[PDB]
Amino acid sequence: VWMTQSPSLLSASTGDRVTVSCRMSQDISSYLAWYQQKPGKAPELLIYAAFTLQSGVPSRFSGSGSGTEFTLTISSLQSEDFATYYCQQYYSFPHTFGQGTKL
Amino acid sequence: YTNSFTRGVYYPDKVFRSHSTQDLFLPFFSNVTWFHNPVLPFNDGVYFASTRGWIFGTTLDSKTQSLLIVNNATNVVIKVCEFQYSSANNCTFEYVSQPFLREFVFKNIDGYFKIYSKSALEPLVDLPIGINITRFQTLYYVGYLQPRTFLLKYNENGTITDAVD
Amino acid sequence: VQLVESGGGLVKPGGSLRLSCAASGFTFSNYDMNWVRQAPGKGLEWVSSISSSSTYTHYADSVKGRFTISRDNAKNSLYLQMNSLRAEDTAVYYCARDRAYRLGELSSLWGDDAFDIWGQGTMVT
Amino acid sequence: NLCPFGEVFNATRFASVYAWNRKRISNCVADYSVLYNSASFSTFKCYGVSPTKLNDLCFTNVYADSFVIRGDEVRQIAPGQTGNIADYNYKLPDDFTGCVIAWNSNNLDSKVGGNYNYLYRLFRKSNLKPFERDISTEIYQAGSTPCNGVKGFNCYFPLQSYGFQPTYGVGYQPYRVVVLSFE
Ligand SMILES: *[C@@H]1O[C@H](CO)[C@@H](O[C@@H]2O[C@H](CO)[C@@H](O[C@@H]3O[C@H](CO)[C@@H](O)[C@H](O)[C@@H]3O)[C@H](O)[C@H]2NC(C)=O)[C@H](O)[C@H]1NC(C)=O
């Protein structure tokens with residue numbers, strides 16, 4: 001299994017509907033997570049199992065798609081939501097992370 | 001162009017020996033699209049006749065599986081892969097056998113793929129492909145099958161001769 | 001549920017260092033633990049893993065056969081023995097916990113969590 | 001030439017209900033002795049074929065499906081049944097000819113804190129045809145105004161998590177279901 005996001009520099013204005021895709025190789029059903037790492041800080045847990053929301057995050061963050069495709073949709077970009085977003089599968093036991101999406 | 005015919009009856013998908021059947025058939029005096037290679041739609045079944053291959057699939061892209069039939073000078077190859085062949089990947093089924101007025105009848109039902117050739121087009125091969133097909137292209141007269149019941153008069157050794165709408 | 005780390009720092013190539021990842025308020029002794037690193041200006045790459053019972057351990061591919069992971073449930077501490085280092089390994093290392101339990105430490109059934117809480121990192125050179 | 005029945009029942013993990021796995025079985029010799037003669041099967045009940053008569057027959061195709069459901073929803077995996085899972089997730093034809101197998105898997109599929117990797121479909125426009133599944137996760141439209149992909153008033157997410165923990169009773173404990181079919 002090899003991870004593949006295909007944004008690499010996507011940047012928008014203050015308030016939009018961006019969609020970061022995450023292509024894969026095999027079928028893992030719903031075993032994919034999402035992260036958000038601000039500069040110079042440890043990553044914070046974001047949507048996990050591709051459909052659940054970690055307690056504390058607002059509802060503007062969503063996770064959709066199934067099979068070998070997964071997308072994270074932001075309802076409205078704000079000043080807080082400007083960082084990188086990674087993928088992580090845990091089907092087999094190499095844990096292949098993503099590449100990075102700088103908003 | 002268009003043309004009209006009187007042929008296209010095949011053994012109703014079952015292998016008993018000998019009657020009226022209600023299956024997918026071809027109306028007798030129908031309009032056949034005379035041709036001389038556009039990507040035609042599949043509908044439910046096509047009556048293909050000619051006087052050296054076909055591409056079966058939904059999108060003809062790597063997104064969905066597409067079936068491919070090709071005949072060499074001495075061999076026939078059947079593969080259903082994620083074609084674009086520019087790029088062949090993955091896929092589960094490969095078939096090899098002796099290579100196929102040549103006329104055919106293709107139908108896709110119950111996840112099975114059935115081919116008839118030669119009227120009384122005899123069964124040729126059955127494939128458990130298990131994919132959906134909605135469109136095709138020819139690498140000849142093309143008809144379209146319809147669900148109309150026929151009456152088939154066998155000739156005491158099979159060999160269907162006469163059919164009644 | 002506050003993870004703190006120590007160790008690492010300046011080291012000569014080919015040397016050996018041992019890191020520490022301590023638990024400060026949860027039931028670490030029956031949670032799993034995982035190690036994730038990132039290079040300066042790069043993404044995250046998986047490194048190591050360990051079960052709660054210390055019976056099953058999985059390592060990465062580019063570092064296979066050179067790292068050793070160990071834990072102590074008595075003092076709630078976690079270690080990673082690294083030796084024969086290169087210039088590639090110079091990076092920041094985080095120790096990552098796991099979201100949920102599993103009573104049965106069964107083969108090929110553990111470590112399917114999503115790294116619920118992380119650490120603050122170090123400056124391994 | 002033994003069948004891969006051992007692999008289907010002893011798979012490392014089973015897919016969710018809305019994305020049930022389907023495997024084709026053909027050109028093999030099947031042994032049903034180990035299935036019926038096992039006490040681990042909580043429910044071995046089926047329709048149209050007696051379990052003792054299974055080994056004395058021949059079939060042209062064998063289809064095996066698998067998913068994970070709650071304990072109380074096992075009765076819903078049966079022909080001519082109405083409910084949440086039958087109408088929205090997995091529907092069988094009335095003239096079904098195959099054997100349904102289910103058993104408890106609390107020690108495996110349930111973890112403390114919630115195993116949120118198991119899902120089910122809850123909203124749809126219409127009921128499902130037999131042996132038909134849709135993995136589409138588009139946002140559901142329940143009101144008059146189009147949702148346009150934002151959750152809110154009458155725009156709920158069509159999927160929900162079971163969230164297994166070993167604290168619930170037998171009613172909510174995870175069950176693994178295998179639905180064989182013959183034709
Ligand atoms: C068809 O099967 C292949 C193999 O399982 C899968 O897709 C391809 O998988 C190979 C893995 O051997 C990928 O190649 C890899 O690329 C990375 C890129 O860094 C490289 O480091 C690895 O050493 C390896 O060569 C390949 O990219 C991948 N291609 C695609 C299009 O996915 C997959 O199971 C099937 N492909 C489908 C369904 O499209």
# chains A, B, ... in the order shown; residues from 1 in each chain; ligands from 1

$ residues_around --residues "residue 86 (chain B)" --least-positions-apart "3" --cutoff "12 Å" --atoms "only C-alpha atoms" --output "NGL selection string"
:B and (60-62 or 81-83 or 89)

$ residues_around --residues "residue 20 (chain C)" --least-positions-apart "3" --cutoff "6 Å" --atoms "only C-alpha atoms" --output "PyMOL selection string"
chain C and resi 5-6+78-79

$ write_last_selection --atoms "C-alpha atoms" --output "short mmCIF file (atom, residue, chain, number, x, y, z; two decimals), in the first residue's frame"
data_model
loop_
_atom_site.label_atom_id
_atom_site.label_comp_id
_atom_site.auth_asym_id
_atom_site.auth_seq_id
_atom_site.Cartn_x
_atom_site.Cartn_y
_atom_site.Cartn_z
CA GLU C 5 10.29 12.89 26.02
CA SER C 6 14.02 13.21 26.68
CA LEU C 78 9.37 3.65 26.73
CA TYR C 79 12.75 3.32 25.04
#

$ residues_around --residues "residue 140 (chain B)" --least-positions-apart "2" --cutoff "10 Å" --atoms "only C-alpha atoms" --output "list in words"
residues 33, 34, 35, 36, 37, 48, 49, 50, 51, 101, 102, 103, 138 and 142 of chain B

$ closest_atom_pairs --of "chain A" --to "ligand 1" --cutoff "9 Å" --atoms "only C-alpha atoms and all ligand atoms" --output "CSV"
residue,atom,partner,partner_atom_place_in_ligand_line,distance
A:1,CA,ligand 1,11 (C),7.2
A:2,CA,ligand 1,17 (C),6.6
A:3,CA,ligand 1,18 (C),8.8
A:4,CA,ligand 1,18 (C),9.0
A:23,CA,ligand 1,32 (O),8.6
A:24,CA,ligand 1,32 (O),6.8
A:25,CA,ligand 1,32 (O),4.5
A:26,CA,ligand 1,34 (O),5.1
A:27,CA,ligand 1,34 (O),8.3
A:68,CA,ligand 1,38 (C),8.7

$ write_last_selection --atoms "N, CA and C atoms" --output "short mmCIF file (atom, residue, chain, number, x, y, z; two decimals), in the first residue's frame"
data_model
loop_
_atom_site.label_atom_id
_atom_site.label_comp_id
_atom_site.auth_asym_id
_atom_site.auth_seq_id
_atom_site.Cartn_x
_atom_site.Cartn_y
_atom_site.Cartn_z
N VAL A 1 0.83 -1.20 0.00
CA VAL A 1 0.00 0.00 0.00
C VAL A 1 0.87 1.26 0.00
N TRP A 2 0.58 2.16 -0.93
CA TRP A 2 1.32 3.42 -1.07
C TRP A 2 0.32 4.57 -1.14
N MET A 3 0.55 5.58 -0.32
CA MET A 3 -0.37 6.70 -0.21
C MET A 3 -0.07 7.73 -1.30
N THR A 4 -1.11 8.46 -1.71
CA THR A 4 -0.94 9.47 -2.77
C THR A 4 -2.02 10.54 -2.61
N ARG A 23 -5.52 9.53 -3.06
CA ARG A 23 -5.55 8.30 -3.83
C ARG A 23 -4.73 7.22 -3.13
N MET A 24 -5.09 5.96 -3.39
CA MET A 24 -4.42 4.84 -2.74
C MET A 24 -4.11 3.77 -3.79
N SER A 25 -3.69 2.60 -3.31
CA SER A 25 -3.34 1.47 -4.16
C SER A 25 -4.27 0.28 -3.96
N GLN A 26 -4.48 -0.14 -2.72
CA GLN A 26 -5.35 -1.26 -2.39
C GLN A 26 -6.66 -0.74 -1.80
N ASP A 27 -7.51 -1.68 -1.38
CA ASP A 27 -8.79 -1.36 -0.75
C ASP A 27 -8.67 -1.62 0.74
N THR A 68 -11.04 3.19 -2.53
CA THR A 68 -9.65 3.62 -2.70
C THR A 68 -9.54 5.12 -2.93
#

$ residues_around --residues "residue 92 (chain C)" --least-positions-apart "4" --cutoff "8 Å" --atoms "only C-alpha atoms" --output "number ranges by chain"
C: 37-40, 121-124

$ write_last_selection --atoms "C-alpha atoms" --output "PDB file, in the first residue's frame"
ATOM      1  CA  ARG C  37       9.597  10.936  12.997  1.00  0.00           C
ATOM      2  CA  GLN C  38       9.859  13.824  10.557  1.00  0.00           C
ATOM      3  CA  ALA C  39      12.845  15.439   8.873  1.00  0.00           C
ATOM      4  CA  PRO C  40      13.236  19.243   8.853  1.00  0.00           C
ATOM      5  CA  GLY C 121       9.367  15.884  20.120  1.00  0.00           C
ATOM      6  CA  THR C 122      13.134  16.091  20.462  1.00  0.00           C
ATOM      7  CA  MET C 123      16.113  17.253  18.381  1.00  0.00           C
ATOM      8  CA  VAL C 124      18.015  14.084  17.472  1.00  0.00           C
TER       9      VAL C 124
END

$ closest_atom_pairs --of "chain D" --to "chain C" --cutoff "7 Å" --atoms "only C-alpha atoms" --output "tab-separated table"
residue	atom	partner	partner_atom	distance
D:111	CA	C:102	CA	5.1
D:112	CA	C:101	CA	4.9
D:113	CA	C:100	CA	5.2
D:114	CA	C:100	CA	6.9

$ write_last_selection --atoms "C-alpha atoms" --output "PDB file, in the first residue's frame"
ATOM      1  CA  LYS D 111     -12.266  -2.575  21.779  1.00  0.00           C
ATOM      2  CA  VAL D 112     -12.483  -0.343  24.840  1.00  0.00           C
ATOM      3  CA  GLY D 113     -13.193   3.230  23.783  1.00  0.00           C
ATOM      4  CA  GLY D 114     -15.118   2.368  20.620  1.00  0.00           C
TER       5      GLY D 114
END

$ select_by_dssp --residues "chain C" --states "strand (DSSP E)" --output "number ranges by chain"
C: 4-6, 16-18, 20-22, 33-38, 44-50, 67-72, 77-83, 92-96

$ write_last_selection --atoms "N, CA, C and O atoms" --output "short mmCIF file (atom, residue, chain, number, x, y, z; two decimals), in the first residue's frame"
data_model
loop_
_atom_site.label_atom_id
_atom_site.label_comp_id
_atom_site.auth_asym_id
_atom_site.auth_seq_id
_atom_site.Cartn_x
_atom_site.Cartn_y
_atom_site.Cartn_z
N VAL C 4 5.83 13.21 27.67
CA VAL C 4 7.07 13.97 27.73
C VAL C 4 8.21 13.07 27.29
O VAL C 4 8.21 11.86 27.58
N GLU C 5 9.17 13.64 26.57
CA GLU C 5 10.29 12.89 26.02
C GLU C 5 11.61 13.54 26.43
O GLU C 5 11.67 14.70 26.83
N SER C 6 12.68 12.75 26.32
CA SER C 6 14.02 13.21 26.68
C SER C 6 15.04 12.35 25.95
O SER C 6 14.70 11.32 25.37
N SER C 16 25.52 5.41 19.63
CA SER C 16 24.30 4.82 20.16
C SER C 16 23.65 5.78 21.15
O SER C 16 24.34 6.43 21.94
N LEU C 17 22.32 5.86 21.09
CA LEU C 17 21.55 6.67 22.02
C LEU C 17 20.27 5.93 22.38
O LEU C 17 19.79 5.08 21.63
N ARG C 18 19.71 6.27 23.54
CA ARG C 18 18.47 5.69 24.01
C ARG C 18 17.52 6.81 24.42
O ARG C 18 17.91 7.71 25.17
N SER C 20 13.57 8.28 25.82
CA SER C 20 12.59 8.02 26.86
C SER C 20 11.28 8.71 26.53
O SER C 20 11.27 9.87 26.11
N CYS C 21 10.17 7.99 26.71
CA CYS C 21 8.83 8.52 26.52
C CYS C 21 8.00 8.10 27.73
O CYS C 21 7.67 6.92 27.88
N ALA C 22 7.67 9.06 28.59
CA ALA C 22 7.04 8.78 29.87
C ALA C 22 5.55 9.10 29.84
O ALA C 22 5.10 10.00 29.13
N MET C 33 2.27 1.56 22.01
CA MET C 33 3.07 2.75 21.75
C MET C 33 3.67 2.68 20.35
O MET C 33 3.98 1.60 19.85
N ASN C 34 3.84 3.85 19.74
CA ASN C 34 4.37 3.94 18.38
C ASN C 34 5.31 5.14 18.29
O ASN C 34 5.18 6.11 19.03
N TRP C 35 6.26 5.04 17.37
CA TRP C 35 7.25 6.09 17.13
C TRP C 35 7.09 6.63 15.72
O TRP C 35 7.07 5.86 14.76
N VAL C 36 6.99 7.95 15.60
CA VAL C 36 6.87 8.63 14.31
C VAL C 36 7.87 9.77 14.28
O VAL C 36 8.02 10.51 15.26
N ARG C 37 8.57 9.91 13.15
CA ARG C 37 9.60 10.94 13.00
C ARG C 37 9.32 11.77 11.76
O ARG C 37 8.60 11.35 10.84
N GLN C 38 9.88 12.98 11.74
CA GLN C 38 9.86 13.82 10.56
C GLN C 38 11.20 14.52 10.41
O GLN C 38 11.83 14.89 11.41
N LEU C 44 5.90 13.24 7.66
CA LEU C 44 6.03 12.25 8.71
C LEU C 44 6.27 10.87 8.11
O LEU C 44 5.70 10.52 7.07
N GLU C 45 7.13 10.09 8.77
CA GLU C 45 7.45 8.73 8.34
C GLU C 45 7.39 7.80 9.54
O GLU C 45 7.94 8.12 10.60
N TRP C 46 6.72 6.66 9.38
CA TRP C 46 6.60 5.70 10.46
C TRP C 46 7.95 5.06 10.76
O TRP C 46 8.78 4.85 9.87
N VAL C 47 8.17 4.74 12.04
CA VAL C 47 9.47 4.25 12.48
C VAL C 47 9.35 2.88 13.13
O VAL C 47 9.92 1.90 12.64
N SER C 48 8.61 2.79 14.24
CA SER C 48 8.60 1.57 15.04
C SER C 48 7.22 1.37 15.65
O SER C 48 6.31 2.18 15.48
N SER C 49 7.08 0.25 16.36
CA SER C 49 5.84 -0.11 17.02
C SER C 49 6.15 -1.09 18.14
O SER C 49 7.20 -1.74 18.15
N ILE C 50 5.22 -1.20 19.09
CA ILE C 50 5.33 -2.14 20.20
C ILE C 50 3.94 -2.38 20.78
O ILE C 50 3.12 -1.47 20.86
N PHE C 67 17.27 -1.07 14.76
CA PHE C 67 16.69 -0.40 15.91
C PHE C 67 16.07 -1.43 16.84
O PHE C 67 15.63 -2.51 16.42
N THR C 68 16.03 -1.09 18.13
CA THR C 68 15.44 -1.94 19.15
C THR C 68 14.50 -1.11 20.01
O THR C 68 14.88 -0.04 20.49
N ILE C 69 13.28 -1.60 20.19
CA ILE C 69 12.26 -0.91 20.97
C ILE C 69 11.97 -1.72 22.22
O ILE C 69 11.92 -2.96 22.18
N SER C 70 11.81 -1.03 23.35
CA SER C 70 11.55 -1.69 24.62
C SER C 70 10.72 -0.76 25.49
O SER C 70 10.68 0.46 25.28
N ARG C 71 10.06 -1.35 26.48
CA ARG C 71 9.20 -0.60 27.38
C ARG C 71 9.30 -1.18 28.78
O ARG C 71 9.73 -2.32 28.98
N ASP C 72 8.92 -0.37 29.77
CA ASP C 72 8.88 -0.78 31.17
C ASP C 72 7.54 -0.36 31.74
O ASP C 72 7.30 0.83 31.98
N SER C 77 7.57 3.85 31.22
CA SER C 77 8.61 4.42 30.37
C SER C 77 8.75 3.60 29.10
O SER C 77 8.48 2.40 29.08
N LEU C 78 9.18 4.27 28.03
CA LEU C 78 9.37 3.65 26.73
C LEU C 78 10.72 4.05 26.17
O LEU C 78 11.15 5.20 26.32
N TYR C 79 11.40 3.11 25.52
CA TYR C 79 12.75 3.32 25.04
C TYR C 79 12.88 2.84 23.60
O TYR C 79 12.10 2.02 23.12
N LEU C 80 13.89 3.38 22.91
CA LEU C 80 14.22 2.98 21.55
C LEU C 80 15.73 3.03 21.39
O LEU C 80 16.31 4.11 21.28
N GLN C 81 16.36 1.85 21.39
CA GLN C 81 17.81 1.75 21.25
C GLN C 81 18.17 1.86 19.77
O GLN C 81 17.79 1.00 18.97
N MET C 82 18.91 2.91 19.42
CA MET C 82 19.34 3.14 18.05
C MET C 82 20.86 3.18 18.00
O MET C 82 21.51 3.82 18.85
N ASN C 83 21.44 2.48 17.02
CA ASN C 83 22.88 2.39 16.86
C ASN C 83 23.21 2.34 15.38
O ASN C 83 22.34 2.12 14.53
N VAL C 92 13.43 14.80 13.87
CA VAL C 92 12.67 14.99 15.10
C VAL C 92 11.80 13.76 15.32
O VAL C 92 11.11 13.31 14.40
N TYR C 93 11.82 13.22 16.54
CA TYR C 93 11.11 11.99 16.87
C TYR C 93 10.00 12.27 17.87
O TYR C 93 10.23 12.91 18.90
N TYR C 94 8.80 11.79 17.56
CA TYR C 94 7.65 11.84 18.46
C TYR C 94 7.26 10.43 18.86
O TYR C 94 7.34 9.50 18.05
N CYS C 95 6.84 10.26 20.11
CA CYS C 95 6.26 9.01 20.57
C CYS C 95 4.74 9.16 20.62
O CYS C 95 4.23 10.08 21.27
N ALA C 96 4.04 8.28 19.92
CA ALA C 96 2.60 8.41 19.70
C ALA C 96 1.86 7.29 20.41
O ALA C 96 2.25 6.12 20.33
#

$ closest_atom_pairs --of "chain A" --to "chain D" --cutoff "7 Å" --atoms "only C-alpha atoms" --output "JSON lines"
{"residue": "A:29", "atom": "CA", "partner": "D:15", "partner_atom": "CA", "distance": 6.8}
{"residue": "A:30", "atom": "CA", "partner": "D:117", "partner_atom": "CA", "distance": 6.0}
{"residue": "A:31", "atom": "CA", "partner": "D:117", "partner_atom": "CA", "distance": 6.7}
{"residue": "A:49", "atom": "CA", "partner": "D:117", "partner_atom": "CA", "distance": 5.6}
{"residue": "A:64", "atom": "CA", "partner": "D:137", "partner_atom": "CA", "distance": 6.3}
{"residue": "A:65", "atom": "CA", "partner": "D:137", "partner_atom": "CA", "distance": 6.0}
{"residue": "A:66", "atom": "CA", "partner": "D:135", "partner_atom": "CA", "distance": 6.6}
{"residue": "A:75", "atom": "CA", "partner": "D:150", "partner_atom": "CA", "distance": 6.6}

$ residues_around --residues "residue 32 (chain C)" --least-positions-apart "3" --cutoff "7 Å" --atoms "only C-alpha atoms" --output "CSV table (one decimal) with C-alpha atoms, in the first residue's frame"
chain,number,residue,atom,x,y,z
C,50,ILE,CA,5.3,-2.1,20.2
C,51,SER,CA,2.4,-4.0,21.8
C,52,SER,CA,1.1,-3.4,25.3
C,97,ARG,CA,0.0,6.7,21.8
C,98,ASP,CA,-3.1,4.8,20.5

$ atom_distance --atom1 "CA of residue 52 (chain D)" --atom2 "CA of residue 35 (chain D)"
11.0 Å

$ interface_residues --of "chain D" --to "chain B" --cutoff "12 Å" --atoms "only C-alpha atoms" --output "JSON, numbers by chain"
{"D": [22, 23, 24, 25, 26, 27, 60, 61, 63, 131, 183]}

$ residues_around --residues "residue 99 (chain D)" --least-positions-apart "5" --cutoff "10 Å" --atoms "only C-alpha atoms" --output "PyMOL selection string"
chain D and resi 44-51+54+64+78+178-182

$ select_by_dssp --residues "chain D" --states "helix (DSSP H, G or I)" --output "ChimeraX atom specification"
/D:5-9,17-19,33-36,51-56,74-76,84-88,106-109

$ interface_residues --of "chain A" --to "chain C" --cutoff "9 Å" --atoms "only C-alpha atoms" --output "number ranges by chain"
A: 31-34, 41-45, 48-49, 54, 86, 88-100
